[PDB]
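For reference, the chains in residue letters:
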Amino acid sequence: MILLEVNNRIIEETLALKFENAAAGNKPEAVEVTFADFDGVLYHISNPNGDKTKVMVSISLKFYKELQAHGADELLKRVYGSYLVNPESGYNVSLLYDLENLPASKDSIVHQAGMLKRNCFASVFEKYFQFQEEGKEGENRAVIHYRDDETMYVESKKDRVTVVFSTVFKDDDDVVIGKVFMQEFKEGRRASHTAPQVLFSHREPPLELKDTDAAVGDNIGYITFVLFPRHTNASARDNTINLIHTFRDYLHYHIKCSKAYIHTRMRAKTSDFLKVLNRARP
Amino acid sequence: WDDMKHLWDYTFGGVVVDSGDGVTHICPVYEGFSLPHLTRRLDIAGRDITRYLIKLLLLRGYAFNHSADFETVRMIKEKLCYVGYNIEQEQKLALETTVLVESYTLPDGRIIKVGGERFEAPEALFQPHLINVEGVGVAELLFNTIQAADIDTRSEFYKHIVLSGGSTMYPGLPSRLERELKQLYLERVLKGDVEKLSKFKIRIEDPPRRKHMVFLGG
Amino acid sequence: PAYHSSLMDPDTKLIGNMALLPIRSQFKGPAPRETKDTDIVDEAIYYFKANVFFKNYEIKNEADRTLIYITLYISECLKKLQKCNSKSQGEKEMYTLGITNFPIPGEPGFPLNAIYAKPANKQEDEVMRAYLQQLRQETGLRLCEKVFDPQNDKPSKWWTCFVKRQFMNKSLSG
Amino acid sequence: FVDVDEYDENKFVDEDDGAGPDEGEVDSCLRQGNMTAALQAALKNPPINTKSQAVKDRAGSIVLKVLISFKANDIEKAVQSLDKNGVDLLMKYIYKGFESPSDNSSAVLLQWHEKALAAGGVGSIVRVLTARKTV
Amino acid sequence: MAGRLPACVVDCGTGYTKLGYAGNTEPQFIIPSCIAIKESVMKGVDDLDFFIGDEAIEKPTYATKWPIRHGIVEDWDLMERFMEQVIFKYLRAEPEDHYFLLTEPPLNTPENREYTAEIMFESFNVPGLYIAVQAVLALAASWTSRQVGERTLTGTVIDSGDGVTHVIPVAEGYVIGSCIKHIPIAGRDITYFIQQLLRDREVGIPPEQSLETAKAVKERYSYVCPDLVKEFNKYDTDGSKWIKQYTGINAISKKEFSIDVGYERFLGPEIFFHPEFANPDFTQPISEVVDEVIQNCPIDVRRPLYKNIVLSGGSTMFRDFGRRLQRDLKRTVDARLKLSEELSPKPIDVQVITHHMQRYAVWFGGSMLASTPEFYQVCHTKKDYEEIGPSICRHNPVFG
Amino acid sequence: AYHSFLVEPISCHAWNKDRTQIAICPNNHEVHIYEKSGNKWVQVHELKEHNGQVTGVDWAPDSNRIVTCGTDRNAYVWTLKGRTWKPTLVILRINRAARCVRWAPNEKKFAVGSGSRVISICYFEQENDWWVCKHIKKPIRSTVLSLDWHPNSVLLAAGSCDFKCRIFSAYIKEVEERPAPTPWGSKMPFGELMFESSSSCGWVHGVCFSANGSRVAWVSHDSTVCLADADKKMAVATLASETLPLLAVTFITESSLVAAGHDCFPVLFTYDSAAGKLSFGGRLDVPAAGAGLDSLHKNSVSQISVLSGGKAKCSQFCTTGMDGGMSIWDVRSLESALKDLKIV
Amino acid sequence: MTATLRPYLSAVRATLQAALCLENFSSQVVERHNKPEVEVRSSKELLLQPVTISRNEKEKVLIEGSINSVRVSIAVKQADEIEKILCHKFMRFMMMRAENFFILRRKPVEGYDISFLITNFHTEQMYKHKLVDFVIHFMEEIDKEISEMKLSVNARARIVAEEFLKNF
């Protein structure tokens, strides 16, 4: 696994598994899982208000208010079509699946459901991709707090969008390693001509602060992605979105896996030393 | 007492520190007999060292069941467990090097690794608070015992201390008693003056035997 | 554990080292006439499917020794009944197989010679040979109504499946 | 309550029973063209015994000065001019210069070590570690 | 529960690995702990090119490896990669803001405990870690008796999943050392027996997949019978209803074959009480093993050990398994105490506990314990690792 | 000439009056005796009676008694009596572990040097039926490394760890009254310092005494060998080696000397009396077990002994190192092969 | 890169032949005790002169030999931050396995990145000259090994950027 997945495996495997057996005459057993996902996002699957042949998928995001104030619901309303209902009291969005209702394509109408951590975010980007395409020079930023100490800023310039991530490396050492990745990312044009531009600012913000106040510190790092019109178009809108919204988790993932790799190399060297030391005995 | 007859039949045909396995108790001797007004007892001997060792090993990640492995851990004590001379230094040795760490094979074939606890466990003899006992410790007790007795020939006592029993053969013990007693003979006789102790008088006994063969004339 | 026989009586006879148990039968031999509704052969047939898996067997009674011969014999019968096509045809094979001169204690070819007493004299010999044959005979015809199904030609696989299993890891054909 | 063995009687403390070399000599011969003569002069009359580090550090500073005042190909000729005893003392000073960072003083010293070693062998290095006579 | 977010619970077994989030009743994913690696010299992300679980036992262009043997981690590198994907693919939960609660088998060493900390803390910026012993987790997974309360961590856990049977005697939340016993009969062994018994009865069997049939019959039609002969008699008398039939389709052959299932139903699990029924080199019944184990423990916790016997693992799920244990063990112990008595202390109370969460009992116990606030105290903090060392994992204090 | 015994290093060893059997200690608490049977080596018995590593063993020629000393601060006098050997119990009254022991040319009293910063001189007493012992602390202070005895059964050489070689009197009111005839002073009383090192060289690992005892030699840790001659107005004669410091050493005649040590290979030194100076000249090590070194030892040699001919004209000598290997060297038939050899 | 590597390692090696050659030494202060003297330092006469060899202000080796033990310390060369942090993790990692090293200390002497603890028990169970070779080879391997790790990480970061970036 090089790339992180966009879709959620627990949802997709749970519903798919329940659905093939339902569409077989077999009764449905109760299910109760309260799992989560990358970042501050909860998830609940249950049998509601005394129900049973009711399943429902609910999501709780601590920062839902901010996404909603950017046309998040309006989009979800035209997404599920009719599988969107009220909230399970405690969870900002709820989907309700009636087993005596499904179509004739589960592996088709189930994949979307697995994508929830993405469809909530899609609206802000789609909205600014639209902005760029319209050329509206009068719309504010898009300050969205997804993490207790993390913020994303989205803005659509004259002819190119800009998605900025303010990420935190709690472990100081993680900073050095993280910098190495940035260096290689900066010189990406040497391999990709049609690849988004990336900027990086340490501690201080590029042109932030502002108005509003920007997070500053030895453990803070800023990454700016620059989206053009060839990626925000009506042909690469979704894609660019489904990809870009996983970047933060992608970076921390590769930093941690890099550390794991360093462990393997190091094992491969310390273990060898012991063999050489004993190779002097009988 | 009615269980003694079976024992007798069917068969045939100076200051002293004695530790066998139940407990030790210094016994001074003036003339040809002991001293009733003296002969103080210490509530800790061998079993306490094995038990404390079990607890310490538990702290190192070897979970020995207490009332199940006593003979094994006991057997482990009389082979590695020793008495430390300078606890600060021993602790330094344990933290900074691996020279104190030794491997031991258990009856089920498993090999474990034992280190600093080797000197930590017997230390309870000198620092009773370690096991929740309102004690004094071998050194302080011995000192107090000779010191509290008489004055006429105290020093003579000091020059004749002897170890006895299976639980006093721990390596470094004699040297430890002598040094710690030196510290007592300095922190209880002259709140200072580290230039008078150069005229000390004390040697730790304990030779190589276990034949308590007492007799004489007849 | 293995199932033993509870048919030993304080007045049960003995033919060398075994136990001359009564049976219900028209075949000739020195077996007493059984009046009760069950006998050693029924017991052996009843216990067989379970006992045959056992590798070890504690001899508690001289009745157990007889139970064992009959169990081993059931095995021999299954060996022959395996390859036949009709209940009537199988019966003929059983009669000939039982009438055979299978080895007896004391002879090589008989297993358990360390557990069975050999016949002390010629009389004891001939009489044990007659008992053994009468047990074989009654065991076999009785086994036919169990193996053969109401449907001609149909080796009850539920009996055939034991053809390879050897009680106590021994054999009368070995 | 505290060390008492340091106050034991059967203790072991070297006896300092029985300023420095010659600064001057390190001048006249340093040097109308004679580099070897300077080295042989600087290694004469080592302090030692003197508890104070002032005098010792003085001789060591001077010696290091001389060692630095040398070319590469001309070291070999000088070192080979010494007796078995001389190599050990030179060696003691080389190691001395390895205690402080006096600039490239180390760079040339490794050269000053291979060749010096070549004259007195590895045994000389042992004498430097086995001596209660300091430098 | 707790701080809104749920903790992570992972139980790594030789065969199946049970993973999920605390608070849940059943694991979220139970997958073989195999890992598929390449062979075509690390070159950049060449270490990330791997698959795990079922995805590791299907990739032809991939080599399947098994890091856990008899219960110990024997290959840490592969284990580390495995954990990479466990966290960043299946659980889908940040490791820098989600507590971890790994596990270990009894007889595991302190070194492994420390390694299980080096990986978790230095690669995964996790905030907290706890390492629980499987048998003890198996113990918590049982208070669910009838009514009411009565929590205890003194008892004997018989853990039989799919590899080998284990008889670890726990005491006051602490398992006994040389008190654990192994039996070379378990699930895997049970499947082989039933197979060898069918192969010599039914015909038209699956070529390279002749085990599947006997494998599917095991957990789906198997059960424990009381008296063998009475059961045999049952089948030989009232067939068609005592005897059942199972169908299926040929794997690497493609063919619809239907077979009858009979004696094997009870003969399969019967091997447990009669190893000599399939294992010619072992004949000691499980009841006797349990008894020997209890007798090797100290003369004082022995009776209590007899009073609280708990089950763990999928191989303990055959119907009336616990009941059969009660008959045989009560009979053996009474016979023993009978011998005692006659040559001249009240009968010893034996109790086998059988709850709902038997299969993945370890994980369930784990989820429940990791679900309480009282856990967010006993956990090792990032603060202690980042200053004191992996050594803090040498000892993992008990609670509950 | 080299034999590979165990895998560890031999702490010490000793040969009986008749170079036919060898006693060796493998860092254990029980000595092991081996014997040669034509062309093979055979185990005949293993003496066990020590609670610490045995660090010394010596054998007698006349009495035929073997004495051992160890870190368990104990010493026993083994004997024959049937097959199994029975050792006696001797109390040294020391809190340290013995580092070396030596009987005597006469075989009447042994000596054990110790970490108690003392030398224990032990002798038999037909009074209590036990073995006594007198202390000779002065002037030594630190642990004593190796000890040699004079051919008169009086003088005693000690290396010590204080970087100073000493010679002592073993006056025992049990053998003879006055002392013997030796240049070393005129009055030899019990407890007397006859000679002390003149240099501050490393610890003295080995010290031998001329066949007559008129000359004494010793090797320091500083890879140097000194020799003091009392017959030449107290000689200082020194030789600085270019290799690793040595350890054990013994006289072969009166001008030559064989030593070995941390260098692993054996070397010869010769003494020129006229100038009174020692010179170098290797070199018995020209190129069973393994292969890492081109010398007949794969680790340091820690003990050497003379087998026949005495210190005046040794013909065969043995050597044991930490490599756990024992070698016997013959300097006669090879001497001719050596395209370069002195000898006397 | 060298230009002065070999003379340095040669001098360290030479110091090591001289510094080793220990022997089983029972404690003279403590009854029945064999503690490593270079560590305990309770008998000054048992201590050798603490030497030191370095190629510059940052790279050096300290050797303070004794009769039954030798303590070696290394600093290694560390230019920028990534070499520093990589080094800290690696040295600490090895030290954690000290118990498995036999000749590795749990901690490094103040002022150095790593220190060794060779005792007479080692010269008994290992060829001392082959032990010395390990030190010289370790320095070259350790210094070189760290370089390979750096190259791997820097190289991999480019690839990590490419898989993400080409997918736009």
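Criteria and thresholds
Residues numbered from 1 in each chain as written, not as in the entry; some residues may be left out. Chains lettered and ligands numbered in written order. Heavy atoms only, no water. Residues with missing side-chain atoms left out of burial classes, pairs and counts. Helix = DSSP H or I, 4+ residues; strand = E, 2+ residues; numbered from the N terminus. Buried < 20%, exposed > 50% of the residue type's maximum accessible area, 1.4 Å probe, protein only. Areas by Shrake-Rupley, 256 points an atom, 1.4 Å probe, with all protein chains shown as cover. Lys, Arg positive; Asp, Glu negative; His and termini not counted. Charge placed at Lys NZ, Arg CZ, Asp CG, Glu CD. Contact = heavy atoms within 4.5 Å. Buried area = accessible area lost by both parts, 1.4 Å probe. Salt bridge = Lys/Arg side-chain N within 4 Å of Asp/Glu carboxyl O. Polar contact = N/O pair within 3.5 Å; in protein donor to acceptor, adjacent residues only side chain to side chain. Nonpolar A, V, L, I, M, F, W, Y, C, P; charged D, E, K, R; others polar. Domains from an automatic or database assignment. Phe/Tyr/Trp six-rings, centres within 6.5 Å; stacked < 30°, edge-to-face > 60°. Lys NZ or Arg CZ within 6 Å of the ring centre and 35° of its normal. Pairing = 2+ DSSP bridges. Axes fitted to C-alpha atoms, helices over the stretch in contact; angles between N-to-C directions. Arc of directions from axis to C-beta. Patch = residues over 30% accessible without salt bridge, like charges linked within 9 Å, V, L, I, M, F, W, Y side chains within 5 Å. Core = buried A, V, L, I, M, F, W, Y, C linked by side-chain atoms within 4.5 Å.

## With respect to the overall build of chain B
Thought 1: Counting its regular elements, chain B contains 8 helices and 5 strands.
Thought 2: Its helices and strands taken in sequence order, chain B reads α-β-β-α-α-α-β-β-α-α-α-β-α from the N to the C terminus.
Thought 3: Counting only C-alpha atoms, chain B reaches 60 × 55 × 30 Å along its principal axes.
Thought 4: Among the 218 residues that make up chain B, the fraction classed as buried is 44%.
Thought 5: When the accessible surface of chain B is split by element, carbon and sulfur atoms take 53% of a total near 12,700 Å².
Thought 6: Side chains of chain B carry 28 positive and 31 negative charges; the gap between the two charge centres is 3 Å.

## A look at the interface of chain E and chain A
Thought 1: Each partner contributes residues to the interface: chain E has 35 residues there, and chain A has 38 residues.
Thought 2: When the two sides are added together, the surface that chain E and chain A hide from each other amounts to roughly 3,500 Å², 51% of it contributed by carbon and sulfur.
Thought 3: The largest per-residue losses of area from chain E upon contact with chain A belong to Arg4, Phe88 and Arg92 of chain E, which jointly make up 24% of the total buried on that side.
Thought 4: Measuring nitrogen to oxygen at the nearest pair gives 2.7 Å for the salt bridge that ties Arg267 of chain A to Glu80 of chain E.
Thought 5: Here chain E and chain A share 14 residue pairs in polar contact between them.
Thought 6: Secondary structure elements with two or more residues in the side of chain E that touches chain A: α1 (76-91) and α2 (110-122) of chain E.
Thought 7: Per-element accounting of the side of chain E that touches chain A gives the leading share, 9 residues, to α1 of chain E.
Thought 8: Counted by class, the side of chain E that touches chain A contains 14 nonpolar, 6 polar and 15 charged residues.

## Here we look at the domain arrangement of chain B
Residue and element names in this part refer to chain B.
Thought 1: When its domains are assigned, chain B resolves into domain 1 (14-44 + 134-218) and domain 2 (45-133).
Thought 2: Its C-alpha centre places domain 1 at a distance of 25 Å from the equivalent point of domain 2.
Thought 3: The interface of domain 1 with domain 2 comprises 23 residues on the first partner and 22 residues on the second.
Thought 4: Joining domain 1 to domain 2, the criterion identifies 1 salt bridge.
Thought 5: Note that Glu123 is salt-bridged to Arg176, the shortest N-O span being 2.9 Å.
Thought 6: Here domain 1 and domain 2 share 7 residue pairs in polar contact between them.
Thought 7: Counting residues per element, the ones that place at least two in the side of domain 1 that touches domain 2 are α6 (138-148) and α8 (173-187).

## What about the interface of chain B and chain G?
Thought 1: Every contact between the two is made by 21 residues of chain B and, on the other side, 18 residues of chain G.
Thought 2: Area buried by chain B at its contact with chain G is led by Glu96, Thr98 and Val99 of chain B, which between them contribute 29% of it.
Thought 3: Run the count over chain B and chain G and you get 3 salt bridges.
Thought 4: Where chain B touches chain G, the interface holds 10 residue pairs in polar contact.
Thought 5: Those elements that provide at least two residues to the side of chain B that touches chain G are α4 (87-96) and α8 of chain B.
Thought 6: Top element by residues in the side of chain B that touches chain G is α4 of chain B. It accounts for 6 residues.
Thought 7: Of the residues belonging to the side of chain B that touches chain G, the class tally is 12 nonpolar, 5 polar and 4 charged.

## Some words on the pattern of salt bridges
Residues and elements named next belong to chain G.
Thought 1: Tallied over the full model, the rule gives 93 salt bridges over all chains.
Thought 2: Among the salt bridges present, the one from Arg41 reaches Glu64, with a minimum N-O distance of 3.7 Å. Taken together, the residues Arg41 in the loop between α2 (37-40) and β1 (51-54) and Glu64 in the loop between β2 (60-63) and β3 (69-74) connect sequence positions 23 residues apart.
Thought 3: For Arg41, a relative accessible area of 37% corresponds to the partly exposed category.

## So, the packing of aromatic side chains
Thought 1: Applying the stated criterion to the full structure yields 68 aromatic pairs over all chains.
Thought 2: Look at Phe88 of chain E and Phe124 of chain E: their rings are 6.5 Å apart centre to centre, the planes differ by 45 degrees, and that puts the pair in the tilted class. On the criterion of sequence distance, the pair formed by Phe88 of chain E in helix α1 and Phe124 of chain E in the loop between α2 and β11 (128-129) is long-range, its members being 36 residues apart. Each of the two residues, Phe88 of chain E as well as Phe124 of chain E, counts as buried.
Thought 3: Here a set of aromatic residues connected by ring pairs shows up, and it is made of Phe48, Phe53, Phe54, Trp158, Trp159 and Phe162 of chain C together with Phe232, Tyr235, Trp242, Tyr263, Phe266 and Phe277 of chain E.
Thought 4: Lying across the ring of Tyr85 of chain B, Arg179 of chain B places its NZ or CZ 5.3 Å from the centre.

## Details of the sheet that holds strand β27 (residues 316-321) of chain F
For sheets, the rule is that strands pair by backbone hydrogen bonds, running either parallel or antiparallel.
Residue and element names in this part refer to chain F.
Thought 1: With antiparallel pairing, the 4 strands of this open sheet are ordered in space as β1-β28-β27-β26. Edge positions in the sheet fall to β1 (2-4) and β26 (301-308), since each of these pairs with one other strand and no more. Going across the sheet, the axis of each strand differs from the next one's by a mean of 20 degrees, ignoring polarity.
Thought 2: Here 3 bridges tie β1 to strand β28 (residues 325-330), and the two strands are oriented antiparallel to one another. Bridge pairing in β28 links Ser4 to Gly325.

## Things to note about helix α3 (residues 70-80) of chain B
Residues and elements named next belong to chain B.
Thought 1: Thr72, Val73, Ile76, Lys77 and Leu80 are the residues of α3 that are buried. Burial along α3 is one-sided: seen end-on, the buried residues are contained in an arc of 145 degrees. Turned more than 90 degrees away from the buried face of α3, the exposed residues are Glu71 and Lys79.
Thought 2: Looking at the buried residues of α3, the elements they touch are α2 (47-59), β3 (102-105), β4 (111-114) and α5 (117-120).

## Here's the deal with the environment of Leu307 of chain F
Residue and element names in this part refer to chain F.
Thought 1: Counting through the fold element by element, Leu307 comes out in strand β26.
Thought 2: Sequence separation between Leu307 and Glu335 is 28 residues; the distance between their C-alpha atoms is 18 Å.
Thought 3: Apart from residues lying up to four places away in sequence, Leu307 is in contact with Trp15, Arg19, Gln316, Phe317, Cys318 and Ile328.

## Overview of a positive patch on the surface
Thought 1: Together, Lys159, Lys196, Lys199, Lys201 and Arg203 of chain B line one region of the surface with positive charge.
Thought 2: Along the chain, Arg203 of chain B falls in the segment after α8.

## Details of the sheet that holds strand β9 (residues 197-202) of chain A
Residue and element names in this part refer to chain A.
Thought 1: Pairing in this open sheet of 5 strands is antiparallel, and the strands run β6-β7-β8-β10-β9 from one edge to the other. The sheet is open, and its two edges are formed by β6 (144-147) and β9, each paired on a single side. The average angle at which neighbouring strand axes cross in this sheet is 20 degrees, direction not considered.
Thought 2: Across 8 bridges, the pairing between strand β8 (residues 161-168) and strand β10 (residues 220-227) is antiparallel. The residue of β10 that forms the bridge with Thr162 is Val226.
Thought 3: Across the sheet, helix α9 (residues 247-278) touches β6, β7 (150-156), β8 and β10, and the angle it forms with β8 is around 45 degrees.

## Here we look at the nonpolar core
Thought 1: Core analysis: the biggest nonpolar cluster contains 201 residues, and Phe125 of chain A together with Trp112 of chain D have the highest contact counts within it.
Thought 2: Here the element with the most residues in this core is helix α6 (residues 128-165) of chain G; it accounts for 16 residues.
Thought 3: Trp112 of chain D has contacts with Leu39, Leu67, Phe70, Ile75, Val79, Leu90 and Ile94 of chain D, leaving out every residue within four places of it along the chain.

## Concerning a nonpolar patch on the surface
Residues and elements named next belong to chain B.
Thought 1: Taken together, the side chains of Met4, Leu7 and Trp8 define a hydrophobic patch exposed on the protein surface, amounting to about 360 Å² of accessible area.
Thought 2: Here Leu7 shows up in helix α1 (residues 5-8).
Thought 3: What makes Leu7 exposed here is its relative accessible area of 55%.

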